[PDB]
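A.B. asks: Next up is a structure, given as structure tokens.
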Amino acid sequence: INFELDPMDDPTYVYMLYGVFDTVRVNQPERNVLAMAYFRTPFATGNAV
Amino acid sequence: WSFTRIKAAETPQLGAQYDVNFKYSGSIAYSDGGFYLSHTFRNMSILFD
Amino acid sequence: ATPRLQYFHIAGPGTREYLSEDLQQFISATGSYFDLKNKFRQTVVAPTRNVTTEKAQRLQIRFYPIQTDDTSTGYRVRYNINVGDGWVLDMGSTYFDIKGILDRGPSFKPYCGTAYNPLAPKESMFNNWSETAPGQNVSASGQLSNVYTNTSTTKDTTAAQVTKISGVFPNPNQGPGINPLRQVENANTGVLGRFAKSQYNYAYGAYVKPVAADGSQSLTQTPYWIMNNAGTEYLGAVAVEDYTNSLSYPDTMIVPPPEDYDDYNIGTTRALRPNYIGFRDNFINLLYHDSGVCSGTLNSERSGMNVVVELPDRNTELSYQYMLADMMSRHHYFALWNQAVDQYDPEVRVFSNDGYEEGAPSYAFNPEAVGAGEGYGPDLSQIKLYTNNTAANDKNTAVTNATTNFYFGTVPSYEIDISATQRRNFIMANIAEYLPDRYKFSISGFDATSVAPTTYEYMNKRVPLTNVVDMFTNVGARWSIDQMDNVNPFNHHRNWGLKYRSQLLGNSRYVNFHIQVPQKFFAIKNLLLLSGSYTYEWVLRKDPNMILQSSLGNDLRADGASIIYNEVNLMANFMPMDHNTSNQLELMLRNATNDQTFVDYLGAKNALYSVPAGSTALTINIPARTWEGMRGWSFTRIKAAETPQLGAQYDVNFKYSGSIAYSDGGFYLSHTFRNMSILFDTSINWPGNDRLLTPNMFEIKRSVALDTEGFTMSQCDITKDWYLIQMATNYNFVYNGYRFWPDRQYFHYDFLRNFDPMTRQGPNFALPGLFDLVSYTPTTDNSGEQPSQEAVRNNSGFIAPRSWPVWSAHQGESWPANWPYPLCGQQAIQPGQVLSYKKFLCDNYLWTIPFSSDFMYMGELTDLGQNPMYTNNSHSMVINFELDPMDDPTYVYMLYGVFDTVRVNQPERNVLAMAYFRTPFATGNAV
């Protein structure tokens, strides 16, 4: 991505937002068993440890 | 990973036939183990994607 | 297992299974002289499966207290360690993250000497200015350094500098600024200076806090003119500042002369005794261990019974010290658990007086090479230089203007022998200053009974006697000063461990400490908790004497020391191992046939038997018992002043902050044991088979002067019997020959590394000569004068008077020394006029006697501990001691040999049950 901006007078960020499906489905099979699976379609965070 | 910071003046150009900017004759922390700037490291983040 | 990786043996099979079988035999056969094993690579492959969860799991969990309930004596914290299924927790990784505010009190000098004018002579003065009223009767003495090359006989050159006086311009740092002082003329130079109006004029340690950002110790500077006897001639100017109320002497004390010399003498100024108030080794005495009244509490939820029971007769802190020292050498400094062992200076304890490094005559010469210091010889200040006539061999031409300096003789110098000067400074500050109070005296301004003998300024304001130890004290003998053989050597500013432990907190007494304290109770020191919810509360000491260690042993409570705990959190590390295996691991650990078992490393019941000052004997009778697995005996004597009340919430009679030899391994009284006896029944001696050369007693030492039959080994007064006992116990080979055992030198608590025999000879007094001109008894009067010390006449004119405090200015005249009778040389005293003083010191040892039939280690459960004459049959032993009589109440720290074990059983989830068992002393009562 290449941006061209009007020069401002102080350091500014460029708040960039992609489009992601950061969805979670909650599995509760039995009593006091709570499990969540997080998945984000463009930008996932699975490190396979 | 393994990392420290070394001064530019105290390190020759890598794979250089003759480093002309090298005007230092002390302990080359890159060559021997004379590491002394393992501090001055505040934090670190690794992102495989 | 990529073939690319396998070809280079990165993920391949391995060396043993891919090399030709003949080659493996070859490289193994020729592996002692032609090694080829480094030329065929092999890589160890990680398990990469079923060993770690991909589940998002915290690697390191912080536990913060549910309940605190702070009180004035302790600081309780109650945690709640939730360990889910698939989580397995090791309490070896559990510790207390403690951060708070520490006040180490004014009795805390992190540095020897002072920080203010250290190079200044002790009896110097900072440009005196003493007046009754401004402009009235004034006395002033100081150096006038700055110059302004004034044209005199008028104010213009002087008043210009006087207008600058009101600022920082006098600038005491800058001097004349001329290197040849001979070139300056007396009438065209000008004089400037800066004098101070204050009480207690001492340059050494003088501190005046600044009031401006550019020096400027004062805001008002009244200028005074300097003129000769006539008021017409202008000579110089003076700046005067009022330091009467702005002056202070931190980290320094005034050492005044005796009362008869108080007037017309200001004495000297000495820096206060250095004191390090850091935490103790391994954070000893920071958790309420060994206390059954204020113990900790760890228990589960389903099993509400507490599984941490503490007895007042065990020793958690000392057990850790022995466990850690056996685990690793103690010279390693691990700042995390504050692992810095208490170590004195070996050159200070056993004072090897080797005289001094006598070198060539060394002098201090003038700043230039020209001068007439003590100007003997012709003046030559008015000479005239004439040219020579080589033909007439005489003067021919006078030099017109020969401005010549031309003094006589060699370079004017003052002689010093540094190797002897530093030697006496080493002796009289690292050794003399730590003498017992009975060898000290007040400083003519200090009075006893005004403050407790355990306060900082009591120790500072009591100068030791100067003849009890000095350069001539056993001048050729490696001999620990018998006047301090019973003085705690770890309470010394050379205690490098405490020196490091105090400097980890900072150079100030206002420390925002953040420390991590390990758990040390043996049942939970290495407990590997399985799944479940556990609550684990523990209470922390707030006693400054307990938690903090001084290098002087003064009462920290009386010295304003205090601590405040802000946050105390519990850190735990959890292995992210696969839940498919950690539940397996926790299930093979819930199985009762394989459950954790923990023993206290010390394995010794701890009994403290009081021994008063004058007493020399102690009887230890015990009720009838079975001794079913006893390991043996260990014993030293600990001063009662240095030992806290056992199992006490807060000891009020404990007013000592040095090294508690009970808690740590800082033993220093392993000597002063004449002998000991053991009788399991009323009359049945335990050795009782003529094992020893004295079969009815364990004669630890006997006097060599009274010796006739021998019974003294290792060139000291320790006995043949006792020496064999120690070597057999620690090293397991005495019947094959005595030898040194380097394999246990790291242990820091074994025999050979710290068994130090020494020998001196000494003149034989109570003879026609040999008058014993050294007095050891101070006059204990208010005046700082000790005339009984003035009989030695050694270093007569070059040191302060022996009656005076040592740190006063020198005075007197050169005079032949008379005290030290020459024990050697061709002018030595007669061979019948000398004696022998065979002696040994053995620090950090704690004499051990094994309950083994041959005194050699043959297993933890000893030879006779399973002998079914004691195990089956009750016995009531009596242990009889005779000791060298000290001058202060002491205990005798008797350690038995016990098997204190725990079988930690966790049959279900969060069902925690510990069973305690101690073999000889199962009841754990006061014995």
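Read-outs throughout are calculated quantities, based only on the coordinates presented, and are distinct from any laboratory measurement. When we count neighbours, we look across all protein chains shown, and the Cβ atoms used for this are built from the backbone with ideal geometry, even at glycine.
A.B. asks: Filtering the range C:299-333 down to residues that are closer than 30 Å to residue C:904 by Cα and without any contact (Cβ under 8 Å) to a residue 24 or more places away in the chain, which residue is nearest to the chain's Cα centre (by Cα)?
C.D. replies: Step by step, filter the range C:299-333, then rank; the result is C:327.
Results for (1) touching a residue at least 60 places away in the same chain (Cβ under 8 Å); (2) under 30 Å from residue C:570 (Cα atoms); (3) of a type in the set (S, T, N, Q), shown as yes or no for each residue.
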{"residue": "C:95", "(1), (2), (3)": "yes, yes, no"}
{"residue": "C:110", "(1), (2), (3)": "yes, no, no"}
{"residue": "C:119", "(1), (2), (3)": "no, no, no"}
{"residue": "C:122", "(1), (2), (3)": "yes, no, no"}
{"residue": "C:145", "(1), (2), (3)": "no, no, yes"}
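A.B. asks: Another question about this same structure. Between C:405, C:491, which is surrounded by fewer than 18 Cβ atoms within 10 Å (Cβ to Cβ) and not in a helix (DSSP H, G or I)? Please lay out each step first, then the result.
C.D. replies: Values: C:491 fails: surrounded by fewer than 18 Cβ atoms within 10 Å (Cβ to Cβ).
Every option except C:405 fails the conditions.
A.B. asks: Further, regarding this structure: I'd like to verify a number: residues in the range C:584-621 that are free of Cβ contacts under 8 Å to residues at least 60 places away in the same chain and not in a loop (DSSP other than H, G, I, E, B), how many? Spell out how you get there, then give the answer.
C.D. replies: The first filter runs over the range C:584-621 and keeps only residues free of Cβ contacts under 8 Å to residues at least 60 places away in the same chain, leaving C:584, C:587-588, C:591, C:593-594.
This time we only want the ones that are not in a loop (DSSP other than H, G, I, E, B), so: C:584, C:587-588.
Result for the range C:584-621: 3.
A.B. asks: Residues to consider are C:548, C:505, C:556; find the one that is out of contact with any helix residue (DSSP H, G or I) (no Cβ under 6 Å at 6 or more places or on another chain) and under 25 Å from residue C:291 (Cα atoms).
C.D. replies: Numbers: C:505 fails: under 25 Å from residue C:291 (Cα atoms); C:556 fails: out of contact with any helix residue (DSSP H, G or I) (no Cβ under 6 Å at 6 or more places or on another chain).
After applying the criteria, what remains is C:548.
A.B. asks: Here's a follow-up. Which of the following residues is under 27 Å from residue B:46 (Cα atoms), touching a residue at least 12 places away in the same chain (Cβ under 8 Å) and either within 13 Å of another protein chain (Cβ to nearest Cβ) or aromatic (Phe, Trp, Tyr) (or both): A:18, A:13? Give the steps one after another, and end with the answer.
C.D. replies: Details: A:13 fails: touching a residue at least 12 places away in the same chain (Cβ under 8 Å).
None of the others qualify; the one that does is A:18.
A.B. asks: Go through the range C:330-358 and count every residue that is surrounded by fewer than 13 Cβ atoms within 10 Å (Cβ to Cβ) and either under 30 Å from residue C:293 (Cα atoms) or not charged (D, E, K, R) (or both).
C.D. replies: 6
A.B. asks: I'd like the full set of residues that are among the small types (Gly, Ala, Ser) and more than 28 Å from residue C:611 (Cα to Cα), limited to the range C:864-905.
C.D. replies: Filtering the range C:864-905 for residues among the small types (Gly, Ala, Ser) gives C:865, C:874, C:876, C:897.
Correct list: C:865, C:874.
A.B. asks: Go through C:562, C:533, C:480, C:508 for me and flag whichever is surrounded by 21 or more Cβ atoms within 10 Å (Cβ to Cβ) and either within 14 Å of another protein chain (Cβ to nearest Cβ) or not basic (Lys, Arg) (or both).
C.D. replies: Details: C:562 fails: surrounded by 21 or more Cβ atoms within 10 Å (Cβ to Cβ); C:533 fails: surrounded by 21 or more Cβ atoms within 10 Å (Cβ to Cβ); C:508 fails: surrounded by 21 or more Cβ atoms within 10 Å (Cβ to Cβ).
Of C:562, C:533, C:480, C:508, the one residue that is surrounded by 21 or more Cβ atoms within 10 Å (Cβ to Cβ) and either within 14 Å of another protein chain (Cβ to nearest Cβ) or not basic (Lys, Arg) (or both) is C:480.
A.B. asks: Tell me whether the range C:851-865 contains one or more residues that are closer than 30 Å to residue C:639 by Cβ and either surrounded by 14 or more Cβ atoms within 10 Å (Cβ to Cβ) or among the hydrophobic types (A, V, I, L, M, F, W, C) (or both). Before you say what the answer is, go through the steps one by one.
C.D. replies: In the first step, residues of the range C:851-865 are kept if they are closer than 30 Å to residue C:639 by Cβ; the result is C:851, C:855.
Now drop any that are not either surrounded by 14 or more Cβ atoms within 10 Å (Cβ to Cβ) or among the hydrophobic types (A, V, I, L, M, F, W, C) (or both), which leaves C:851, C:855.
Yes; the residues of the range C:851-865 include at least one that is closer than 30 Å to residue C:639 by Cβ and either surrounded by 14 or more Cβ atoms within 10 Å (Cβ to Cβ) or among the hydrophobic types (A, V, I, L, M, F, W, C) (or both).
A.B. asks: While we're looking at this one, here's another question. Select from the range C:25-55 the residues that are under 48 Å from the mean Cα position of the chain (by Cα) and under 25 Å from residue C:86 (Cα atoms) and write down the one among them that is nearest to the other protein chains (Cβ to nearest Cβ).
C.D. replies: It comes out as C:52.
A.B. asks: Against the condition among the acidic types (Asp, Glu) and surrounded by 21 or more Cβ atoms within 10 Å (Cβ to Cβ), how does residue C:470 come out, does it pass? So that I can check it myself, show each step before the final result.
C.D. replies: Numbers: among the acidic types (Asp, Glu): yes; surrounded by 21 or more Cβ atoms within 10 Å (Cβ to Cβ): yes.
Yes, satisfied.
A.B. asks: Also: Of the conditions (1) more than 26 Å from residue C:131 (Cα to Cα); (2) in a loop (DSSP other than H, G, I, E, B), residue C:282 fails just one. Which one is it?
C.D. replies: So the condition that residue C:282 fails would be (2).
A.B. asks: Looking at (1) in a loop (DSSP other than H, G, I, E, B); (2) farther than 28 Å from residue C:499 by Cβ; (3) aliphatic (A, V, I, L, M), can you tell me which one residue C:556 breaks?
C.D. replies: (2)
A.B. asks: If only one of C:722, C:815, C:807 is surrounded by 18 or more Cβ atoms within 10 Å (Cβ to Cβ) and over 22 Å from residue C:671 (Cα atoms), which one is it?
C.D. replies: Values: C:722 fails: over 22 Å from residue C:671 (Cα atoms); C:815 fails: surrounded by 18 or more Cβ atoms within 10 Å (Cβ to Cβ).
Just one listed residue meets the conditions, C:807.
A.B. asks: Do we find a residue being surrounded by 23 or more Cβ atoms within 10 Å (Cβ to Cβ) and closer than 30 Å to residue C:914 by Cβ anywhere in the range C:262-274?
C.D. replies: Looking for residues that are surrounded by 23 or more Cβ atoms within 10 Å (Cβ to Cβ) and closer than 30 Å to residue C:914 by Cβ, one finds none in the range C:262-274, hence no.
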